[PDB]
Each structure stands twice: as structure tokens, then as C-alpha cells.
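The block underneath contains the structure these notes are about, expressed in C-alpha cells.
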Amino acid sequence: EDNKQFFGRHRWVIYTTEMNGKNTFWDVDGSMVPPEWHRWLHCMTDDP
Amino acid sequence: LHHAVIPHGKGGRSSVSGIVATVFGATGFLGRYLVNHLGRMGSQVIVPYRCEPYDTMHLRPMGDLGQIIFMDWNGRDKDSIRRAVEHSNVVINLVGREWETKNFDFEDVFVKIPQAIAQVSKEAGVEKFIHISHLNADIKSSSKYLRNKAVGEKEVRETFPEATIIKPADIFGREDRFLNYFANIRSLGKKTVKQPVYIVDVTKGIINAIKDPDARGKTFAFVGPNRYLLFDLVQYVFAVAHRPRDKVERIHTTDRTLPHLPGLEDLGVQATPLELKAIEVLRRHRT
Amino acid sequence: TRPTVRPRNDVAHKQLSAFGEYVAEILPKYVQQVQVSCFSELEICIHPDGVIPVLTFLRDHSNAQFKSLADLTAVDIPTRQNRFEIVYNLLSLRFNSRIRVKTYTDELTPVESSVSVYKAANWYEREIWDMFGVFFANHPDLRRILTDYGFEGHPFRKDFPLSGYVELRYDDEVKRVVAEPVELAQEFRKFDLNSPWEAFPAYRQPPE
Amino acid sequence: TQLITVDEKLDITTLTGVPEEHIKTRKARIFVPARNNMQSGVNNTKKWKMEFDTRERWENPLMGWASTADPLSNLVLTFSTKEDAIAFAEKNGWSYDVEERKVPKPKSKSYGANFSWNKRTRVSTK
Amino acid sequence: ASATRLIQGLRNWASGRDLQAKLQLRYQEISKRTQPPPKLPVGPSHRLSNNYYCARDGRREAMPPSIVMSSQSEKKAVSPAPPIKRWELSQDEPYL
Amino acid sequence: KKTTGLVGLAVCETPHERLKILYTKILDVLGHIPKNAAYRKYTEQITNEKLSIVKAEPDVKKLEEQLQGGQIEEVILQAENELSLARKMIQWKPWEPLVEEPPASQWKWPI
Amino acid sequence: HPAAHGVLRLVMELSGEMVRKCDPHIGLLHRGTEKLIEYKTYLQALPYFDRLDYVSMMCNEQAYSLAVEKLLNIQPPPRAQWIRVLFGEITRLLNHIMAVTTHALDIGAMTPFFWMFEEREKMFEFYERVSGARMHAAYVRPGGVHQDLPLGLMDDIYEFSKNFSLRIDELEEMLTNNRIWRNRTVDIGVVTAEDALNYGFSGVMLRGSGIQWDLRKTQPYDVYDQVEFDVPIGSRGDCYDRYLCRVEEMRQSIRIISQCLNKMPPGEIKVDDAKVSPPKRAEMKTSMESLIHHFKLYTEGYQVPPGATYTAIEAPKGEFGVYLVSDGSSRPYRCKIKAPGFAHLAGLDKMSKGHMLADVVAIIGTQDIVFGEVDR
Amino acid sequence: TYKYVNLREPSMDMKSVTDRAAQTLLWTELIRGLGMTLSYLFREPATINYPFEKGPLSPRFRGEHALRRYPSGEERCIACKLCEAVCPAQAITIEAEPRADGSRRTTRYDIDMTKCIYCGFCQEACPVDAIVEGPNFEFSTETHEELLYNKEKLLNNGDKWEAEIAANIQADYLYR
Amino acid sequence: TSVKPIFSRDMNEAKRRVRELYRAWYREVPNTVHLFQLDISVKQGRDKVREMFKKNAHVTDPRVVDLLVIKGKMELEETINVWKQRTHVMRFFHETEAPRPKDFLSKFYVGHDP
Amino acid sequence: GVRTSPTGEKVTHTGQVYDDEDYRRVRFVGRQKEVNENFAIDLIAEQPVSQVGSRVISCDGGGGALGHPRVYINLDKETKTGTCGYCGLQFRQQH
Ligand SMILES: NC(=O)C1=CN([C@@H]2O[C@H](COP(=O)(O)OP(=O)(O)OC[C@H]3O[C@@H](n4cnc5c(N)ncnc54)[C@H](OP(=O)(O)O)[C@@H]3O)[C@@H](O)[C@H]2O)C=CC1
Ligand code: SF4
Ligand code: SF4
Ligand SMILES: [Zn+2]
């Protein structure tokens, strides 16, 4: 999360490779986030 | 017998009928019209596809909500075929390719496929198994295709006694092979008798046999109501279409009647001639 | 009383009462009921043989202009010899008042087709023909709008049930979209909710 | 303009579009709806409801729902008298049954009768 | 923005509306969430000791509509309403 | 004036005398209409008072202050329309008593 | 595709690059709205009035809730009236900016559509913070507004007001002073006042062609009588003139939002009646009668006294009318909708009697159609 | 108050007519339009790189249709059928039986995700707050078979997360 | 009982207008089977047209016959225009069964058809 | 607590598991049946029997306005524990 960027480009997620053994270096999906960071990432709060 | 198998009221569109039908092939032509008439009847249809899911995606939505079901299969093993006949009331063998490929000739489709599925069908407890074949496919000459279908008829007659061996003549429709081959050529003519029968008469007969008991074991053969000359037929096709190699031996050689075994009216469905439906279906001429 | 109760103004009530008795004085040939609700809008209940005279009067005459037309719906009340009700809903431009001409009719006898005097009435009339079935004599154009061309039944009656008799699906046997009788996936479970104990006391009809 | 008018029947059933199967095959039932007996109030009375006799309701095998091929089995009309009910049933074509109204009978009760001397009408508990 | 002077000068020169001020990339009024728990007040209800519901019984006050004539020299002809006054050109920059 | 506020309403060059002969035609055609009907009396009252509004003023702005129908020709157009309904109402005889009664179990609501 | 902007099956019979006549065959978007509301209750069939016009997401809710309140004899509380007025003005702003931008995309004019849709995305975010829905926020129950706004919203609307005044003045910079766009819509769309009053036109046509008329000024159905604004009037009955009418109504909606925020009272959310509005959660979980009224209010539906009513609001299309017919029950007996889009589509021949096909595209573009409302 | 538009006149002065003539013959206002569009060119566009930057929301969104359960306990529903009574497309279907204890419970609890129109009436209506409109909106389903949720689907969808749901409810139980 | 009928005065105008409408349908069908590129012979279409006339044969009232003339006139106008499509003309026919006969035996095996 | 069915399919918390004459088995082909893994019956014995010494006590459910409405249960049975209908957890009295 940066504070020099605006509302929408605040927070972003970078996924790792083979998080469930599925060769996810490519083709990143939605809902590859755990739900607490899913609360954090939609700007539903101001706390990690 | 068990509940959710008994019929319910009217027919079609989640009006549940009795049969649970496992249909082989069906990505081609006759299986597609048969799946359509079962969805009009409204039953649960298990179709295995080895092919792309996209072809069965385009022939998919004819079933109602969760009615048809998909699985995968091959012509090598028995595990996927047993998975196809885990629970199946009736099952039909509609398989075949009209030209030899690398991995499969005319041999071993007609030999290798019905052996395994007839074996596992007699084992795994199905009823009223229906096998198609071609008309007048004998041990006689000029067709490796037709002698291989005679070999397959021998096997399906020998093992699994309680079948329905059935055979139509050359059938014509919207995605016909040989009638489109007649329209898409380039050409010569002899004297050769031939009876064609429209495809929905055949599939009405098939579904009437698939829901009718106590006519089983009797093999059937289908009858064209005209049964006239090949060269007159090519003239009529070119006339309605406005324009002036194992397959070509099969179409030139012979198509005869066989009075030994029953046909359409012994089952009770009206035959429709070539000319009416040919005016109906011969689009795609000039302009 | 004073909070959270929408207060009425008796000025509009008295003025519309005087205007209603005035209309009943000056057109005695067709007037049956002139009723005023608590929220002060005029309702004039009329026989269906003076539609053209009443509208040709109420468009002009300089005591009430009423140029503007709106809703026409022939609200289907059964248990009557005349089922349907044509409701013209007229609005002034100088005076800020709303009048509802409720004229009655049945399923078959035509009303006089107001399109000659109110030009807005054309598609309103075509809609009422296509949904109800009130024919409009001496009218130029009666076609079907809001329903299918191969469709019949006048679906906004009470006698047309909520589902349809026809339902479309595609089939490849004839390569087209064909119509079949209805085979639903779920019942539309209708819940009885006419609860007793008479939730309004002032509207008790006289019993026998 | 002093037109034809003659006293005959009405045959809207050829206009309303509903097919002959539902014209001849079902049977209307017209009745005053009885009180839902657990509650005690008669606002749900004082009408004349018309219903249709139900038909087959099978089980949807995918969810256990009730799929029905019955378009008319969920219509119910509210009328004000029996004669308009009969007139509408003959006008709109189909057959009908008349289950006649059965009002509650008036009776006579008094607490002084509940506390009699030789008569056996006695509550014996209150 | 957050950039150099030449391109910001070309932005102001292509439209002189002070582009750096109101630029539609907000950084500051992102609303500070996890607010304190708000108490929702209630006005002229739930006050004890006088709230007879029969007093403010607004549903029951709907009278059936009053009926004037049926089928079952008086100096008159008023309108349904007074004639509505002609308006005025507003002061807030009219035309013309 | 010059180019009034409406669209399909071109300005008038003779307000007064055109409207005066209009209202004399209104009273004339109303004079053909029978007597005991209320319609003759109310039309007579409103038309004579509107004409006496006009005959007492040679103005335009004070005419708009005193008489409604803003601005000017709308009174003329509504006058022509009331003349049109008068010409219709020589026919149709609306003061005659009622055409036949309702079936009397109809207009009362609660069904 | 696009020259319907949706679906209208146009049948134009024409002598060449001209006309003879035309019929808009409409009703392809028929959905059975009045029938479905006839088989439902009031509170359950509220979303049909949310989406029979599918753009004005709050105005038609306001119209239905005012019909129920007008029949039911309940004044809504003051703060609910002010929130309803604020979102009426926001909804008017959204609907007029969609009308201008879809006129532009129908006529060509790619990018100003996109500038103003980024602004409309901001306003969708505000609706989401209020209710949760992207577009079809129900949110306006009968008897005042339900589930009032969370803490921290008015400052955001203030910031949007400043940014949006600058952006709409840059849209006037872009489009209004254009040569060929003016040449594109001046010659067409004459509307005589006779035609405007007989053919049943409503709203922006009546403003843009002659007659001084506004429901907000004439018959204030709520607290509109306490703010300073002034509706634009047309000059010649022209689509350039009507475009100017729509842009200045956007500007006056900005002024009404500004004055409404600077005169906002913090009263209360819903009515003082637990027989129409549901009791809230605290008294629900700790009362008895609140749980009773919650349970029967959501199962049975509140009863509505018998009677026939009609009302109309000033939706951004025009005189949006709703006509209720209530048997004494908890289900409305018959509802019907006066659609300004339908009455405007009725005058299609008289607007385009002597013109060509691109003029017909401009005639459909210059009147805010949704055709979900032309159907009913 | 009325403020009409388009009432000017062309001033026949030499200055005004030569300004309008320069406007005509010199393409000035078209260059002005190009200037406005390039003034929006040299800005920074407000896009978001989607699968890395999800969009903003509210704490009162309507998504997933989860169920809840008591703290260290069993299910929170009762089968009180209010949600089937208030579902405005009647997608809710509840068949209820009591189990071997005696406390009332269910057998079958169905939402049609096709017919669900995402009001929140079953969010406002449920007295124990058993059904909650879930937080996330990613359904993206291949077949029509999957979109008919069961009760065990909703329990395993409420077991997939509650910390989100509990945090949002504790954020916003005071308004609704 | 005051009734003002639509067009006729007795059934003589009813017979006149219905024979005119049948003449219109008889000469309008081969144009449509040329235009819509159908699959049906001309005499089969004409026979089902006269079948649709014969279906409503048991109607006596003049108003109902006049209203049927109105309905048929409206649909003949919408078929001589090209406003309808191949779906609608095939919807008038029946080439999608609906196979259930009127036998009591078949209505006994197929459930619950009295 | 799944049951070793002859089919081998997982049972549910409700006794709805199939037979050998069911084709809904063959519509479960290749698609793994999602059953609830944490049941609802056995999660009562996991919770201890609370002991509140008073006679008629009050149950809310873990916090105000998050849970079930106030239910005032009685404990007068000498051998049967109390049971809130909403909660499901028991109560006993302490003399
Ligand atoms: N006149 C006629 O057309 C006659 C037809 N028949 C029978 O009718 C049926 C349909 O006719 P037609 O169109 O010519 O045949 P098709 O090829 O269209 O139908 C056979 C289907 O089974 C598939 N299939 C066949 N062999 C194999 C294999 N070894 N492995 C995997 N898939 C296989 C085919 O291709 P894919 O694998 O790509 O799905 C196709 O889906 C056939 O069974 C044919 O024997 C019989 C007599 C006359
Ligand atoms: S409203 Fe809540 S408690 Fe009632 S049945 Fe629905 S989910 Fe269960
Ligand atoms: S949100 Fe969905 S499940 Fe809930 S009431 Fe609305 S349509 Fe029904
Ligand atoms: Zn408890």
C-alpha cells in the first residue's frame, strides 16, 4: 500500500507460484486472497 | 421398481420419463437427433465424449436443467466405459467413422468397441441394449466397411442375447453425408436400386423401440417408401438444386430389400418420402 | 395528529366539491357519481355514451382547460355486468388540478375512441386493445403492441393466468424456435395472506 | 343508435385464447371459503372464491421441487354473490360446481344460565 | 500529475482552468474509516406516558370519499383553483 | 410585442378588435342555445365578464395583469376552441336528462 | 445494435434519404410488470418500481413511496424528506448526464461519454456506500427512507460538487460551442405547443418548447419549495435548445444539492409508526411488540385502505405517473404507470415527418429512452 | 423562476460579424475542441490494473449468501420461513424437520442464484441474522447445475470465512 | 339489455365479411409460402387455414363473429406485411408434437388425463 | 461421523444418502460431493453444561444485537436441564 497513489491504486497483491500446486506463475485468479486481506484490499477499513 | 424412475404426467422439459439413457458417440449426426428426441421426451441422457467440449457445447442445450450429463471415454480401456454404465437403464451403440484414420481403421472400431461395451453392459446390469448397423452389411465383397459391420453384428448377436440389432438404409437430413456429397461433387450413372429413409422416421422408430418392451431380440431393418433408381435420384437432386472412395463404392454398389425381418409398420411409425423432405432440406444452392 | 399524519387541506376539497357540483349541473345527460377523496383529486364516474361530449367539453370552456391526457387503464373488476373500466386521467396546464374520468364498459361494447380529440390517446388505445380487448369503434389503427405477433389471450385480464400457455424453446429437429405448452421448474407457491379481523372499520359494506 | 340487442348466451371462450383442453377438461369450484379454524374472524369470509381442481405435481429430480404442467391451478377469483359467479362461469365457458354457503347458526348463551340451580348446565370450575 | 513543470504548463495552456487544483485523482478525502459507533436518535416516538396510539392513528383516519351528484340565477362557475401566477426572471444570471 | 415565448404561435397585430368580434360571435352562437339549461347561463356570465374586462381597457400589459391567459394569443386560441365546442354543442343536446342508469352495484368500491 | 440504443424494431417506409412514415415496433422488452405486481404485495413488489425505469434508480422509488404515503395518510419525517430530495437531485444529475452522453455516442462523439462516465462511476460509488447495490438500490421504502446514511458521506458529496461543476463546464467547453454538432442538431425536431399539449408530451420537451411548466414549482410534493433554483425554458423547440435545457437542469441540480447540504437537519430516519415501517434491531431483539410487528409486517404485509389514487413526480424524463388501485388488503389490486418515454415515442411521426434517417437517429437520441419504461 | 436559453441576437457591428466570419473561415473553435481533448490527454488515467488491484466498496455489499453459526456452536438458523416469505422472486426454499434433540431445524435450504435479485430483504428480515449477504462477488460459473445452492453449500460457504462477515456485521449492526 | 354491436346487424353481414376474409386468406397464403421460404406445400397450408376457420364454427352471436373478423383481419395484415417471422408462421402449424391421442387407453397409461 | 455405506458415498448430517438403485450416483460421476465436514449434532457435547445459581434466568447469545432475542428460561425441573430453544446450550441451578 502506497500513499502517493490514489484511491483504487492504494493496495495491491502479488501472488506466488504454485500456491496450491497449480502452476499459478501465469493466469492469476480472483479469490487467490485470504479473507482478512480481502477485507483490507477492497478498502473496507483503514487497518491491515 | 425404484422411485424417481416411474413416469410423471406429460412429456418434455423436466417432465421426467422412465428411461435413463446412455448414448454412445452422439457428437455426429444420428446421435444428435436422438439426443434431441430424448430431450423432447424429457429424460436423463449420459453422453461420453472423447472429443472437444465445444462440439458438445453446441449440441448441449437441447436437454433441460441438469438433464444431460457429460463424461470422457476412449476405445482402449474398460474403466471409463464402466463409469458410463454405473447406473443406466438403456444403452445404445451408435459408433462409427466412414474413413480410416491413423489410430483406427475400419478394423477395431467395429471389432474392438462393441466387444468391450457389450461385455460390460451384460455384466453391469442394463436392459434393452440397442445396436445400430448398416443395411445389407454382409460378408460379401467390395467393402471392408460392410464386412467389418458384419463381423460386429456377429459379435453383438453372439454375446448379449437380449439386444435389439437394428439397421437403417442410407439416411438423409440437414447434416447428411452422402446427399451433401451429391450436392458437393466436381459423375456418372448406372442401374442401382436404392431406398433412402428420412432421419426422423428412423429416430421415432428407435425411441419407440427404446421405450417399448416385449419386441426385443427381433432385429430390424428400415424401408424407404419409394426405393427407386440412383441416377433418377441424382437427376432429382440436381433438379431441386438448380444446377446442371470406399464411400463411392458403397453408394454405387447395392441397396436391396430383405423380407426376412420386420421394419417400420411392424413397429407403427409413418414413413416419409424423399421428395417432400428434399424440397424442405435442399437449401444452399445458388443465391 | 400533528406529527407523522399527512395533513389534508380542506381548501382544495371545498373548491373541487363546488367544481364537481358545477359539472353535474351543466352536463346532466351522463353524470352518475362525482366523488372526492381525502387527498383532494376529482373522480367523475360516467356512462360510456358521452365520452366524446365530456372530453370535447373538458378540453375547453375556460372554466377548466385540461389539455393534458394521461393513463387510460380499463381496470378489470369482475362481479359486475360491465367488467372493465376506462380511466382517463386528465391534467390542467393553467390550474394545477387532476381529474379522473372513470367510465365503465364491458368486454364487447365499444367506447367512442377518444383519439379524434386527444392525439395522445392513439398508442394508449392500442395498448388497451392489445392487453384487455376493449374494441374502439371509429378508430384508425388497431394493431398489436407489447405482445408477440403469434400471441392471443389479452394477458392482463384476471382470466389469463400468470404463466403463459405458450413457451418458447429452440429445437434442432426443425432448426428453429418452437412453442410448447408450459413445463415449469418450480411451482410459484402462492401464499394465502388475506388475514381476518377487519383492518379498516370505516369501509364496512352493508351485510345481509 | 337503437341497435340490435337480443337476449342470448355469451361465448367469450372463443376469444380468450385458452385452448379447448382447458375448456372441457377442468371443472370450476365456486364456494365461500371457510374460516381457517385456529383463528376466529370472518373477514376471510364474505366473498365467493372460484378455484380450479388441481392436477399432477411431480418431483423435480434435481432439487425436490414441485414442477407442474398446470397453468390454471393457481387462479382464484373473489366475487360478491353466487349469481354473478354462475353468470361468469357460463359466460367464460367452463363447467362449475356450487358448494353452497353454510353460515354459523346463532345461539343463546348467558352467564346466569351458566350458574343454574337444578339444571345441569354448570361449568363446575370457575 | 506529481510531475514536471513543462507538461503542467502545456496542460494549463491547453485549457486555462487550473488543472492541478481539481484533477479527479483524489488523495486526501479518502474517508477515514472505522468510525466511532454512531448512536441513532429517535424523535417523537417511544416517549412514555402520553403515546396513546389512538391519538396518532393515521391509518384509521382515511375516510371513504365523499359523494356528490349521482344517478340514484346562481352566481357561480368557479374554477378548480385560482389561476397560477406568471413567474419571473430569476436574479441568478438570467437571459437576457 | 416581438416574438412571444411559445413556438407554434406567431404574434398578433390586432389583439383587441379581433377578440371583441370573437366574443360577439360567442354571445351570438350562445344566443342560439336554449334558455333553461345551466350551460347558457354560466357561459353567458363568464363571457360577458371577460368581454367587460376587455372593453374597459385599451391596454396590453394591464390586459395581461387583469385578464389571465399569458401572454396574449392564448386567450384567442382558447376562445376559438370554445367557439368550436359551442358549434359542436348545438348538436348533442347535453341538457336533456340522463341516458340510462348504471346497474347500481357497480361504483361502490370494496368488492 | 446501436441506433436503437437497446431494442426498437423500426419499420420506416421511405421515399429515398427521406421518409414517408414509420412505426416503432416496441414491446420486445416486455416483462409482465403490472401482472407481477398484481400477484405480489407492496413491499415485495417494490423492486419492479425500482427497475421499470432502469436508470432513475431513486426517483421511481420515490414515486411509488409517495403513492403509498399519499394513500396511507402518513407524513414522512423531515430528515427522510431531505435525504430523499438530495438523492432525487443526484439521480436527476445521473440521468441527464446519461442522456447527453448517449446522444453523443449515438451521433458519433466518442470521448465526452467517457469523461462523464468516470464521473458517473464516482456517483455509483456513492450509491454503493449508501446501500450496497451498484445500480438497483431499492433503499426507498414507503414511509420514509430506510437504513440511513453512514457517518462520513456529506463531505464526499461536497467534494464531488466542486469537481463536477468544473467538469461540466469543461463539457460546455467541448461540445456546446461546436460547429458541426450545432449544424447536426438545429434543423430538426419542431414541436408546436398545440402538439406538445395534445400528444401528451412530458417534462423536458415541454420545458424546451414554449410553455412554462414544472411539477416542482407548481405542485411541490415535498420540500422542494425551500430551495433556490430556476428551471430552463426553451426558445424555438430545438434539439440544440433542448440540449441546453438538459445541461442547465444539471447545473440547477448542482445548486439544489448545495443548498440542501447547507440546510440539512438531523432529525430521524423513519416514521413514528411500527405498523408501516419495521422496528429496528435494538427494540426488535429486546421488546415483544416489535418482534410481533416485525414478523407480521414481513409476512403479511401492511394493510392499505381501499381506494384508487394517482400521483406523478418529475422524473428526469418527465411526468412519471403511477396509478394505484387498492382493494382493502395487503396486495395492490392493479397498478399502472404513465411513462413519459411512451408518450414521447407516440410522437415520433410528428417529430420526424419530413426528415431523413440520421435525423431519426438524432430524434431517438435527443429524448432519453430506456424502453424498459416504454414497456409497462 | 425561469431562466430561458437561446435568446441573443447577432450584433451587426463590424467586430462581431468579423469574429463570426473568422470562426467560420478559420476553424478556430474546432482547434479549441482539440485543445480541450489534449488537455485531458496529458493527465494520468484513472484505471486500475484489475486482478492485482480490486476496486473499492462499502461495508454493506450484497454478495455470496453465506450462513453463520453460534460462537463455538451449531447453526444459527431456525427455519422460521420469513426469508421464503419475503424473497421477492421466491428463490428461497425451506423444508424443515427437527432432529434427534428436539430443537427445531431444517432439512433443505435452497437459494436460486439465478432468481436471487440481491435485495437484502432476507438480510433485513432474518431475526437471528442467520443468512447474510456475503461480501465477495466472484461466481463466474460454467454450468447451470452449480448455481442452485444447497444448505450444505451455504454452510461450507459460511465455514470458508466468517472473520470477514463478523467484522462487517460488527462494523454495521448499528444502522440496520 | 342495451347492446350496440360492432359492424353487423344480423348474421348476414357476418357471413359476408367472413367469406371476404376467407377469400383474402386463400389468395394470401401462396405469397407467404413463397416469401418466408417455408417447408410446406400450398394445399397443406390452405387446408390448415380452412381448419382454423372450421375450428370456430359453433359461434352464434354477431358481435363475436365480427370480433373474430377483426382478429383475422389484423393477423392477415401482419402476414402480408413482413412484420412477422418464420417462427410465427410455424407456430400456427403443429410440426412439434404434442402426440397425445384421445384414447382412454393411452390416457390411462399416461397418467391422469380424464 | 460419516457412515461406511456400501456405495461408499459420504452421508450428510441428515440421513439422505443413496441406495444402489439410484442414478443420482451416476450424476455424481467425477464431481466430488461437497458435504458439510463439521456437523451440528455433536457440537453440544463439546460445550460444557453451564451452572447459574438463580431460578429463572436470561439468555441473549453473546453480545447485544448480535444473536437471538432475549429468552427467559426456567429451571424448575429437578432432573432435566434447561434448554434455550434458540441457543441449544443447557443450564443448571446451584442451590
Ligand atoms: N446413412 C448413414 O449415415 C448411416 C449411419 N449409420 C450409423 O449412424 C451413426 C451416425 O452416422 P455418421 O454421421 O455417418 O457417423 P458419425 O461419425 O457422425 O457418428 C459416430 C460418432 O462416434 C464418434 N466415434 C466413432 N468412432 C470413434 C472412435 N473410434 N473413437 C471415438 N469416437 C468415435 C464419432 O466421432 P468423434 O469421436 O469425433 O465424436 C461421432 O461422434 C454412426 O454410428 C453410423 O455407424 C449406420 C448406417 C447408415
Ligand atoms: S429468515 Fe433466517 S432464521 Fe428464518 S428461515 Fe430464513 S435464514 Fe432461517
Ligand atoms: S437477496 Fe436474494 S435470496 Fe434474499 S430476498 Fe432478495 S432475491 Fe431473495
Ligand atoms: Zn438462548
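The way I read the labels, and the way they are meant: chains A, B, ... in the order of the C-alpha cells, residue 1 as the first residue of every chain, and ligand 1 as the first ligand shown, with later ones counted on from there.
Environment of ligand 2, defined as every protein or nucleic acid residue with an atom within 9 Å of it and counting only C-alpha atoms and all ligand atoms, comprises residues 67, 76, 77, 78, 79, 80, 81, 82, 83, 84, 85, 86, 92, 94, 105, 106, 109, 122, 123, 124, 125, 126, 127, 128, 129, 130, 131 and 132 of chain H.
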Residue hits in chain C, query chain F, radius 10 Å, only C-alpha atoms, as a PyMOL selection string: chain C and resi 22-23+25-33+45-50+52-54+56-63+65+77-83+94+102+104+203-205
Give me the residues near segment 61-75 of chain E as JSON, numbers by chain, where near means some atom within 6 Å (using only C-alpha atoms) and where sequence neighbours in that chain fewer than 2 positions away do not count. {"C": [32, 33, 34, 35, 36, 37], "E": [58, 59]}
Dump as a PDB file, in the first residue's frame, selection limited to N, CA, C and O atoms:
ATOM      1  N   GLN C  32     -73.226  10.364 -13.121  1.00  0.00           N
ATOM      2  CA  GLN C  32     -73.634   9.374 -12.144  1.00  0.00           C
ATOM      3  C   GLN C  32     -72.939   9.632 -10.816  1.00  0.00           C
ATOM      4  O   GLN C  32     -73.610   9.893  -9.813  1.00  0.00           O
ATOM      5  N   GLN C  33     -71.617   9.657 -10.774  1.00  0.00           N
ATOM      6  CA  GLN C  33     -71.020   9.923  -9.474  1.00  0.00           C
ATOM      7  C   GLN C  33     -69.977  11.011  -9.604  1.00  0.00           C
ATOM      8  O   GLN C  33     -69.235  11.038 -10.584  1.00  0.00           O
ATOM      9  N   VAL C  34     -69.927  11.940  -8.649  1.00  0.00           N
ATOM     10  CA  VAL C  34     -68.828  12.890  -8.591  1.00  0.00           C
ATOM     11  C   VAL C  34     -68.245  12.761  -7.196  1.00  0.00           C
ATOM     12  O   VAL C  34     -68.797  13.301  -6.237  1.00  0.00           O
ATOM     13  N   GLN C  35     -67.149  12.040  -7.060  1.00  0.00           N
ATOM     14  CA  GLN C  35     -66.647  11.754  -5.732  1.00  0.00           C
ATOM     15  C   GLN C  35     -65.270  12.356  -5.522  1.00  0.00           C
ATOM     16  O   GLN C  35     -64.452  12.434  -6.447  1.00  0.00           O
ATOM     17  N   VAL C  36     -65.042  12.805  -4.293  1.00  0.00           N
ATOM     18  CA  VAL C  36     -63.806  13.466  -3.905  1.00  0.00           C
ATOM     19  C   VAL C  36     -63.180  12.686  -2.762  1.00  0.00           C
ATOM     20  O   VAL C  36     -63.828  12.454  -1.732  1.00  0.00           O
ATOM     21  N   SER C  37     -61.926  12.281  -2.944  1.00  0.00           N
ATOM     22  CA  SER C  37     -61.197  11.549  -1.925  1.00  0.00           C
ATOM     23  C   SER C  37     -60.621  12.515  -0.897  1.00  0.00           C
ATOM     24  O   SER C  37     -60.758  13.736  -1.002  1.00  0.00           O
TER      25      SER C  37
ATOM     26  N   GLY E  58     -53.069   7.341  12.287  1.00  0.00           N
ATOM     27  CA  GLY E  58     -53.177   7.923  10.960  1.00  0.00           C
ATOM     28  C   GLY E  58     -53.727   6.996   9.899  1.00  0.00           C
ATOM     29  O   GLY E  58     -54.296   7.475   8.914  1.00  0.00           O
ATOM     30  N   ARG E  59     -53.550   5.687  10.066  1.00  0.00           N
ATOM     31  CA  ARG E  59     -54.114   4.743   9.111  1.00  0.00           C
ATOM     32  C   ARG E  59     -55.632   4.768   9.152  1.00  0.00           C
ATOM     33  O   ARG E  59     -56.285   4.747   8.106  1.00  0.00           O
TER      34      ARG E  59
END
Dump as number ranges by chain the residues of chain C that approach chain G to within 8 Å, counting only C-alpha atoms. C: 3-7, 39, 67-71, 73, 75, 93, 96, 118-123, 145-147, 156, 162, 193-195, 199-200, 203
Those of segment 105-343 of chain G in DSSP strand (DSSP E), formatted as a list in words: residues 307, 308, 309, 310, 311, 312, 313, 314, 319, 320, 321, 322, 323, 324, 325, 326, 334, 335, 336, 337 and 338 of chain G
